[PDB]
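**Student:** The structure's right below; bear with me while I get my questions together.
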Amino acid sequence: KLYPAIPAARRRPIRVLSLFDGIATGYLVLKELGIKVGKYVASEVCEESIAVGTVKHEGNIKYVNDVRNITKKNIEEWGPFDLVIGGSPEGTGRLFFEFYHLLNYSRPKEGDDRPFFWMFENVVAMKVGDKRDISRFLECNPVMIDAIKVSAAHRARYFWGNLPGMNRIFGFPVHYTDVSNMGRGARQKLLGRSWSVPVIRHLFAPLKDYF
Amino acid sequence: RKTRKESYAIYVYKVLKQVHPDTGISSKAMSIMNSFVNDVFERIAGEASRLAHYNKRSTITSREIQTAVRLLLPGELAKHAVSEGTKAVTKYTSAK
Amino acid sequence: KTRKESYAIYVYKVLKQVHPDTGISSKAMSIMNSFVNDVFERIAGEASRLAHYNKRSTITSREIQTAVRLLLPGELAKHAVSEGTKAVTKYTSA
Amino acid sequence: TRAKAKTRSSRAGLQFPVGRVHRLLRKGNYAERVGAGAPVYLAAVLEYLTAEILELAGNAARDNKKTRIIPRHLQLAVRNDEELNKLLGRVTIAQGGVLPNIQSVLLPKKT
Amino acid sequence: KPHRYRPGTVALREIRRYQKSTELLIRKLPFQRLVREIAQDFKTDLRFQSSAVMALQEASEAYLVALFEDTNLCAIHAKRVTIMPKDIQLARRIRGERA
Amino acid sequence: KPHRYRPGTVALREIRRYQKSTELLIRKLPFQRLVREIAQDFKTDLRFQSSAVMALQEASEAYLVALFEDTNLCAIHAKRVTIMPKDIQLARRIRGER
Amino acid sequence: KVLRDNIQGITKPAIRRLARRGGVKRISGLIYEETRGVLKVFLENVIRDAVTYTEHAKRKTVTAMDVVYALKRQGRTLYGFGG
Amino acid sequence: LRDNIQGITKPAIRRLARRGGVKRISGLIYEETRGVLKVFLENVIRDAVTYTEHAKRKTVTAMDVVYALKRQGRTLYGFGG
Ligand SMILES: [Cl-]
Ligand SMILES: [Cl-]
């Protein structure tokens, strides 16, 4: 399935709904997309992401105190969302089902020509029954991308989403690897930051042609 | 009674505080880290000396230690250590 | 051309001293030269390590003797210690 | 001389001593000449490996709810990492034991 | 009225208990006597530091635990769950120690 | 119909024939192509002396023959005469290269 | 030209000859792919070290001495080409 | 001075095998394991006593056993180095 690309003369800002994230990745990566944000709405049960947001992100983000607070009225009041992303820093099933329920509120109806994009993230240590159930719920197959091209750790990941070009395009770079090596905490940034910045900008690369 | 056996104990503790500021370390684990540093040291200086004898050279520079690290550390650990080492030699050669 | 040194004529000499009629090929000569270089580097390595352990800087016959007793297994060690002590006596009393 | 005695560790932005590494490269009988980039680089490499292992060991101490790194924590830190296992496969760490590894066929058929 | 477990459950329980612990499993004094007995056939009247015998014990137990690991892999490979001297000999043979 | 042997007899005959011989069993040119292919992923435009590729072939065949010796011991240990990737993996695991 | 698919050049009869020198009587079918994998990983390590020795020698031709030093470093000392 | 190999007891070999992950131990294991342990200790103590001989000493230090195990390719941490 291929979606039509609007030309770049129509520069509308991107409305993002990021649901679960320890260190807020999506707004920062959208700041380094080169494009502006329409609406960025975040929420977290704990107060750690709220503290990180009220210290770092300068208050350009609409926060909700709890994920159990967002209803259909809040989605219809805070504008339609263009992107919906769910990740994480036995509650993983809880995170997925809250994600899918909020995803059903943000999906456009039959007739809207608005470009919609979503993404869900979890590693390959999931039970295979939960994997096939999530494949049934999302109507999309995950891709098993391993940390073996850029890394050596046995931490592979399944991806779900509506992203154009996500099957086998990811490979190993040498220049990005070289620039990312220079740290004494190189593999701690490999365990966290390499899952945060480069893979996400690699997957959300073609959105700048849309907007 | 005056004999001081040298060690890397204070330096392992300083790097630990610079990584985990609230986590301490026992003296047995300090001995294991000391012998790990001594071991890896001997391995890299060994390989460097061997390389220097191979290439008909008598001067061990950073390039000999660099290719000894690229030999001894397995892959991405070698890439991170060659980057960290070249960064520290850059900082060293252009300091006050 | 720079002369690449070898133990080839010495292997041939000791071969004639142990088999006066049997010759040897050049690839087997390379294998014997490489064995001699290898065992040389092994014994001189272990002996250097022995000198470093005992805070010494002089390699004498005792360091090479303990290196040979480490590296050669059992009867090879005993016969090499015998032959070596014999040759060191023959050297110091000549 | 009249100058602030800035050590080569701080000059290189490192922690491990460039002087002790340098005089062990001199005393250790490795070559006739030993440079300055060699002990700077080697102190950097040793500091990075010590940093990574003490990092993983503090992690395993955190997982064990302890603030003091024991031998067992170094054991888990090295043997649960793949590249540190490749580095120290032929190396015994004392008071460490082995990983909690139980094979699948030895478990009872809880189905 | 007296309770009794199956063999596999106490066996696996001991496997877990000793893979969690770090203490030396061979007792100190009979290992020391074994070390002195083996040493006796190399030089008479040999002395030992305590840390030397502790180092011998750490390395000996670690060696035998890696040996039993490989021995268990030989047993499992041969469709068994019981280790045999066949398995020890196969392990030492593949490791190159048969000499 | 013409004469036909049992499997074990020609199998043992080849075991005897190749344990007596000393020549390289892998052909020279596909091994050379494999060496250039593996080298390609480390540096472009690498050259090789002939004796270097011969040394690689001697060591590679010796390594694989020691591997099949340990693999045959794993097979025999499992009451089988057929080597399996089970046996190869057991051999490499006990040798410590996994 | 980028060389590809050269691991298939280690043919099935060559693996059978290697098996015969090792004393193997009977050979299953997955042996050949597994053996190509193991030989590939072995040559990866050895050629990686030899290329590294070439890199530090400021050269572009891998000598036999480099492969000897590499095999020797990995605890498999090869005689016949120096050392 | 001959039952010192019997000091490596059947419970102790069983504890070692439990740490190695062994579920079931046949009876012929224990004598074989005593044998293998004795051969390993023969090689190690042989090398360590050789090192003691070279230092002209009468006691075997822990550094000697570390150097011996290091020579035999089984490096031991935590006893100097
Ligand atoms: Cl330099
Ligand atoms: Cl038996």
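Chain lettering (A, B, ...) mirrors the order of the structure tokens, residue numbering begins at 1 for each chain separately, and ligand numbering begins at 1 in order of display.
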Using only C-alpha atoms and all ligand atoms, which residues have at least one atom no more than 6 Å from ligand 1? Output them as a CSV table (one decimal) with N, CA and C atoms, in the first residue's frame.
**Tutor:**
chain,number,residue,atom,x,y,z
B,61,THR,N,54.7,3.9,19.2
B,61,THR,CA,53.9,5.1,19.2
B,61,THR,C,52.4,4.7,19.4
B,62,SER,N,51.6,5.7,19.3
B,62,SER,CA,50.1,5.5,19.4
B,62,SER,C,49.6,4.6,18.3
D,35,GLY,N,57.0,6.2,22.9
D,35,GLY,CA,56.6,7.6,22.8
D,35,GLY,C,55.8,8.2,23.9
D,36,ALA,N,55.0,9.3,23.6
D,36,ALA,CA,54.1,9.8,24.5
D,36,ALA,C,52.6,9.6,24.1
D,37,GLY,N,52.4,9.5,22.8
D,37,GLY,CA,51.1,9.1,22.3
D,37,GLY,C,50.7,7.7,22.7
D,38,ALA,N,51.8,6.8,22.8
D,38,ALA,CA,51.5,5.5,23.2
D,38,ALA,C,51.0,5.3,24.6
**Student:** At a cut-off of 12 Å around ligand 2, and using only C-alpha atoms and all ligand atoms, what residues come up? Please write them as a PDB file with C-alpha atoms, in the first residue's frame.
**Tutor:**
ATOM      1  CA  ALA E  75      24.986 -35.708  28.224  1.00  0.00           C
ATOM      2  CA  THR E  82      22.700 -38.203  33.477  1.00  0.00           C
ATOM      3  CA  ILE E  83      26.383 -37.372  33.090  1.00  0.00           C
ATOM      4  CA  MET E  84      28.809 -40.234  32.469  1.00  0.00           C
ATOM      5  CA  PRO E  85      32.602 -40.646  32.247  1.00  0.00           C
ATOM      6  CA  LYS E  86      31.981 -40.973  28.503  1.00  0.00           C
ATOM      7  CA  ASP E  87      30.812 -37.343  28.662  1.00  0.00           C
ATOM      8  CA  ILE E  88      33.847 -36.187  30.690  1.00  0.00           C
ATOM      9  CA  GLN E  89      36.221 -37.937  28.275  1.00  0.00           C
ATOM     10  CA  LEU E  90      34.454 -36.435  25.237  1.00  0.00           C
TER      11      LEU E  90
ATOM     12  CA  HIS F  77      29.352 -40.381  21.364  1.00  0.00           C
TER      13      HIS F  77
ATOM     14  CA  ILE H  25      25.199 -37.782  38.398  1.00  0.00           C
ATOM     15  CA  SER H  26      26.152 -41.395  37.782  1.00  0.00           C
ATOM     16  CA  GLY H  27      28.254 -43.220  40.348  1.00  0.00           C
ATOM     17  CA  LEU H  28      31.264 -43.621  38.039  1.00  0.00           C
ATOM     18  CA  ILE H  29      31.539 -39.798  37.810  1.00  0.00           C
ATOM     19  CA  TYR H  30      33.213 -39.259  41.177  1.00  0.00           C
ATOM     20  CA  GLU H  31      36.407 -41.323  40.758  1.00  0.00           C
ATOM     21  CA  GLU H  32      36.852 -39.934  37.222  1.00  0.00           C
TER      22      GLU H  32
END
**Student:** When you get a sec, could you note down which chain B residues fall within 8 Å of chain D, using only C-alpha atoms, as a ChimeraX atom specification?
**Tutor:** /B:11-12,14-16,19-20,22-26,28-29,32-33,37,40-41,45-46,48-49,52,58-66,69,72-75,77,81-82,84-86,88-93,95-96
**Student:** When DSSP works through the backbone of this structure, what residues of chain B end up as alpha helix (DSSP H), shown as a PyMOL selection string?
**Tutor:** chain B and resi 9-17+27-54+62-72+76-93
**Student:** Could you please select, counting only C-alpha atoms, the residues of chain G within 6 Å of chain F and state them as a VMD selection string?
**Tutor:** chain G and resid 3 6 to 7 9 14 18 to 27 31 60 to 64
**Student:** Tell me, as a list in words, which residues lie within 10 Å of range 6-13 of chain C, counting only C-alpha atoms; anything in the same chain fewer than 4 positions away does not count.
**Tutor:** residues 17, 18, 19, 20, 22, 23, 24, 26, 29, 30, 32, 33, 34, 36 and 37 of chain C; 82 of chain G
**Student:** For CA of residue 48 in chain C and CA of residue 80 in chain G, determine how far apart the two atoms are, in Å to one decimal place.
**Tutor:**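 According to the coordinates, CA of residue 48 in chain C and CA of residue 80 in chain G are separated by 26.4 Å.
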**Student:** Can you write out as CSV which residues of chain A fall within 10 Å of chain D, alongside each residue's closest atom pair and its distance in Å to one decimal, counting only C-alpha atoms and ordering rows by chain and ascending residue number?
**Tutor:**
residue,atom,partner,partner_atom,distance
A:152,CA,D:82,CA,7.6
A:153,CA,D:82,CA,6.8
A:154,CA,D:82,CA,8.2
A:183,CA,D:48,CA,8.9
A:184,CA,D:48,CA,5.7
A:185,CA,D:52,CA,7.3
A:186,CA,D:52,CA,8.8
A:187,CA,D:52,CA,8.0
A:188,CA,D:52,CA,8.8
**Student:** Can you build me a table of chain H residues sitting at most 7 Å from chain C, with the closest atom pair per residue and its distance in Å to one decimal, using only C-alpha atoms, sorted by chain and residue number, as a Markdown table?
**Tutor:**
| residue | atom | partner | partner_atom | distance |
| --- | --- | --- | --- | --- |
| H:47 | CA | C:70 | CA | 6.4 |
| H:50 | CA | C:66 | CA | 6.9 |
| H:54 | CA | C:66 | CA | 6.5 |
| H:55 | CA | C:54 | CA | 6.7 |
**Student:** Please report, as a tab-separated table, each residue of chain H lying at most 8 Å from chain B, together with the nearest pair of atoms and the separation in Å rounded to one decimal; use only C-alpha atoms, and order rows by chain and ascending residue number.
**Tutor:**
residue	atom	partner	partner_atom	distance
H:77	CA	B:32	CA	5.0
H:78	CA	B:32	CA	4.2
H:79	CA	B:31	CA	7.0
H:80	CA	B:35	CA	6.3
H:81	CA	B:35	CA	4.8
**Student:** Identify all residues of chain G in strand (DSSP E or B) (DSSP on the backbone) and supply them as a VMD selection string.
**Tutor:** chain G and resid 26 to 27 61 to 62
**Student:** Report as a tab-separated table: every residue of chain G with an atom at most 9 Å from chain B, its closest pair of atoms, and their distance in Å to one decimal, counting only C-alpha atoms, with rows sorted by chain and ascending residue number.
**Tutor:**
residue	atom	partner	partner_atom	distance
G:48	CA	B:71	CA	8.7
G:49	CA	B:71	CA	6.5
G:52	CA	B:67	CA	7.1
G:53	CA	B:67	CA	7.9
G:55	CA	B:67	CA	8.4
G:56	CA	B:67	CA	6.7
G:57	CA	B:55	CA	6.6
G:69	CA	B:54	CA	8.8
G:73	CA	B:47	CA	9.0
**Student:** Here is a test: counting only C-alpha atoms, which residue of H:23, H:1, H:34, H:9 is nearest to chain D?
**Tutor:** H:23
**Student:** Please compute the CA of residue 194 in chain A-CA of residue 15 in chain A distance, one decimal, in Å.
**Tutor:**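 Rounded to one decimal, the two atoms are 24.6 Å apart.
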**Student:** If I take CA of residue 78 in chain D and CA of residue 43 in chain G, how far is one from the other in Å, to one decimal?
**Tutor:**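 Interatomic distance here is 26.5 Å.
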**Student:** Report as an mmCIF file with N, CA and C atoms, in the first residue's frame the set of chain E residues whose atoms approach chain F to within 7 Å, with distances computed over only C-alpha atoms.
**Tutor:**
data_model
loop_
_atom_site.group_PDB
_atom_site.id
_atom_site.type_symbol
_atom_site.label_atom_id
_atom_site.label_comp_id
_atom_site.auth_asym_id
_atom_site.auth_seq_id
_atom_site.Cartn_x
_atom_site.Cartn_y
_atom_site.Cartn_z
ATOM 1 N N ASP E 70 30.432 -28.489 30.284
ATOM 2 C CA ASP E 70 30.651 -29.188 29.016
ATOM 3 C C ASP E 70 30.189 -30.640 29.090
ATOM 4 N N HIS E 77 23.399 -33.721 24.736
ATOM 5 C CA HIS E 77 23.591 -34.056 23.326
ATOM 6 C C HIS E 77 23.343 -35.532 23.029
ATOM 7 N N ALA E 78 23.675 -36.420 23.966
ATOM 8 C CA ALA E 78 23.488 -37.851 23.787
ATOM 9 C C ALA E 78 22.122 -38.333 24.263
ATOM 10 N N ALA E 91 34.373 -34.379 26.563
ATOM 11 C CA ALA E 91 34.624 -32.966 26.846
ATOM 12 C C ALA E 91 36.116 -32.651 26.854
ATOM 13 N N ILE E 94 37.636 -32.982 23.242
ATOM 14 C CA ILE E 94 37.374 -31.832 22.378
ATOM 15 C C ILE E 94 38.120 -30.592 22.871
ATOM 16 N N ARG E 95 38.321 -30.462 24.185
ATOM 17 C CA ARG E 95 39.084 -29.326 24.690
ATOM 18 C C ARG E 95 40.583 -29.480 24.460
#
